[PDB]
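Listed next as structure tokens: two forms of one protein chain, kept apart as structure 1 and structure 2.
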Structure 1
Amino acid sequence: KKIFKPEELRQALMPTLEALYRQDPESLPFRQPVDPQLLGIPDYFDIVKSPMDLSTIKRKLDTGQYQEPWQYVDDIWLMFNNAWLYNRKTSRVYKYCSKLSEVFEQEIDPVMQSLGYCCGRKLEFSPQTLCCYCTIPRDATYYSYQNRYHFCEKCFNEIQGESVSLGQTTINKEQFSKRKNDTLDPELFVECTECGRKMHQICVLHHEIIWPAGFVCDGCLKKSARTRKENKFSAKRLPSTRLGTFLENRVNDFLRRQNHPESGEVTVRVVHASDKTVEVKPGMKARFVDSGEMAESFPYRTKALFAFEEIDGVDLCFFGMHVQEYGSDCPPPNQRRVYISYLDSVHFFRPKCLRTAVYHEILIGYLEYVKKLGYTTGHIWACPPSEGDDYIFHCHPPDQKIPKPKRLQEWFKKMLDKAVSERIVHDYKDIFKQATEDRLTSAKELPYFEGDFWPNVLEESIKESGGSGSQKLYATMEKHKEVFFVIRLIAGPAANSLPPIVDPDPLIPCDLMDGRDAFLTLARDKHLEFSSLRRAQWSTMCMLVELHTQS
């Protein structure tokens, strides 16, 4: 419907092209079509298969060859990427190109918005981290087979001879692709069904399941005084639980007491609950299970929960956590214990000044809740994610700093100190002090949680020592003590005569949220990043559809 008259486009876009032209000397290399012979570059057309330059763009613009402004934008970016492709990162033309692109980004965005568009930005997804069958860096050369087995240029030539082994089968090095990790997937567009304008799907938050009749831009809606049909796939409409309700009430009551300007309501939902078992690993099993001194496995309930806030009228998932709950039927040493498998956040909560406080309220609430059920003890491993890894949310904002261990430890201490002052937590200790207090003598007495540090270090210890599970145990606990919190919820004689633990909430099947892996995999496979407010809002919207529809 919306026809851009060629003069309309010329008038609107030519100032953005002039802005590039008037950059001296940066513009000069881009003002005329590359003549490879004259320029003393014969191999230019071996690399650059779609040449483009300012004159060609000016001409297409003057002669009405563009039907819509994104076609202009694509040519501009083709020109830039042609130069970034052919020239070295350290070269003259490369840096000139970079300068022009910065001028262009600043010029183009408000123009595109004047023409009725979401924005004028060129948007691409973050590059995935490539492992090594070690990790491969952005833009640096690497070797791959079936887009499945990749090797960094160093550890590839490390391999002696001409044959690699995958799995087992043997592959000649000549069968590997040599390539640079410089591939970035563009963001997708959706077309307004009325005016025909192409908009970033993430800018407009159009999801085909939620609005199956098709996308209609805000411009077109406002002209006829319409509004979008309600999004029924919201965080609020996910099923309530006793736990979720309790946590969200605690949070919102806290926010209401603070009365900070521009506070929003928080929604907390439990989205997974299932019964699982942790199996004792082979070292510890040979040592204690086979002689009947320790259970071969421990049953627990896993739960996944998320907190959401409305930001700019749209749901935003900002906090996530998975927990392991070992009930009263579980064998010692795990009986009546909870362990935090992992928690994660995306730092867009508003207001900023209460973000940490809100995370603390969620954790204190959770401790309070399980205490009420009759869980006696909480367990926290203060372990930051490894470099460029994510616990729950794929692709964090690059400006969200990741705490190192000391900061993270102090953060848990501040939470627990508040919990103590509220008389929820009786006390807490590091693992070494706790073991001392419990007169622990053997490794079989240490709580054994899925994915935790202690099961792994005990395997290593038994093997290193040639059969002892407990020789250096106090020394290992002392050495790592600052990182391991044991939290006493129910203290002393009362902890010995408790009734059975009965959880009033039902099980909640949801394979997507059975541990962290499935949601990380989904997010990676569908470009669901949490790396900016807009991408997190999209990713939240998609997550919520998935949670509503898989149920």
Structure 2
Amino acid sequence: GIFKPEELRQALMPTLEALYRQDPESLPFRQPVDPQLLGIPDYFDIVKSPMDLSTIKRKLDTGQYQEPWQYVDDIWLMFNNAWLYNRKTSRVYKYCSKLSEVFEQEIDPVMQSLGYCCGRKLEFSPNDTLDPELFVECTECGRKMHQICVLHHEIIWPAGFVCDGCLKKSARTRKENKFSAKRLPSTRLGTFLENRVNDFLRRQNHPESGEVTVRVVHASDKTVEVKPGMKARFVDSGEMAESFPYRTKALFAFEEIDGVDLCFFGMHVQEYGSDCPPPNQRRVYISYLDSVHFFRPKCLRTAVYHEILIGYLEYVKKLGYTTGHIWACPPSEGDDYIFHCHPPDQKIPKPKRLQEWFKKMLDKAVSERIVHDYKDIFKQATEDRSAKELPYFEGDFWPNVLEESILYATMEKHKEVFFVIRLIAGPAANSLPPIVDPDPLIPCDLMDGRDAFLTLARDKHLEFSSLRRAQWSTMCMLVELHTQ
């Protein structure tokens, strides 16, 4: 036992009286449902565990609740029975919804006064059913708390969870989390980007901004093989190379928010080096860009994205990559992209908004004299003067759509989607030294393309749907990156 029974009764009884005072919303909930009297004989075929305010009052008054979550569980059983049995458009359904809003406001401050994370009944995002959020138990006081509220990971703290209350009471502080973003192995690329971001943020000197970390978490050597269609026409003759080698890299940016890691940006790139045959030579392809919109302050979010993306273009330019490519079309309605379960209010941008966003960033990159020029693939193709000449990237649009044929008219209708970004133009691009990546390979199967991370996130309910859930998913993804 944690609580003297009378203490639990005095704390919780006012939240029950708050529901009882709601008239008419509590009237269907004050007494056990009597299916005969109400003419609803199928009630007990649908509702296996009836619950009502008078039963909860008796359990409270007789000391039947040993800890407050058993009370919260009975309140939500009552709400869920009503939402299950009654139609969404029915009076009882709407009364139930109103009572659940009254309960959430009342129970929050009570559960926090009793030393709990919150008083919320929490379930994951959407076989008609939702998975419940997990609890951990303080080894010192025995209070149960949301795993995600207190960010307790068994790998980081194997001896068990100790709540803030028990740590203060014993003049102790939580053992440092060494599975941090900052402690991921550093790369030259990562250091360059993060130094750019933090320099900008220090110039703004805004009180809300946290330190940013940028880490390369995957680097491996791959090959894209030419598809059979285009292999027939161009490769089979010996006119075009059969496969193009590249380095695939994955990087993430993390911000300190409320003193813990938050992963807010993700990037996959394909890097076609100087020993890669034309027409891919000295080209970089940004496969996927994703974000979780919790960057603080929100007034500097776009500018921080600019520092990372303009920074990457500056870094590859200096090494001797001439051209950048971005496939600027949104993901399809149903595809998570990099981060599983975005906030519902982080809307996939419309094509026009996405194109305009990328245009503004590249204009900044022109002002800084990092980008020479940028145009749609149509103008750049006209200006370069066959289909053999098209840069051919793993998982890109053009290798797919060129199979549908087996070009000129197709580019014009999809011109605004494909940005070509000139980093090095003219004679400067003729007599460059070899491209030598000063960072080693980083083997990491989890970050080998975007699917392994999406699979882990689905399997373990690592959502980025709220700040608190994004903070847990960041902590979990960092433990996995640290223990490969």
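Structure 1's sequence is the ruler for residue numbers, which start at 1. Rigid core: the largest C-alpha set superposing within 1.5 Å between the two forms.
Relative to the superposed core, which single residue of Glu293, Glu208, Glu105, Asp74 shows a CA shift of 2 Å or more between the two structures? Only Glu293 moves by 2 Å or more at its C-alpha.
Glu478: how far does its C-alpha move between the two structures, core aligned, in angstrom? Here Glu478 registers a C-alpha shift of 0.8 Å.
Could the core-superposed CA displacement of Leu39 between the two structures be given in angstrom, to one decimal? Core-aligned C-alpha shift comes out at 1.2 Å.
Relative to the superposed core, what is the Cα shift for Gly388 between the two structures, in Å? Comparing the two forms, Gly388 shifts 3.9 Å at C-alpha.
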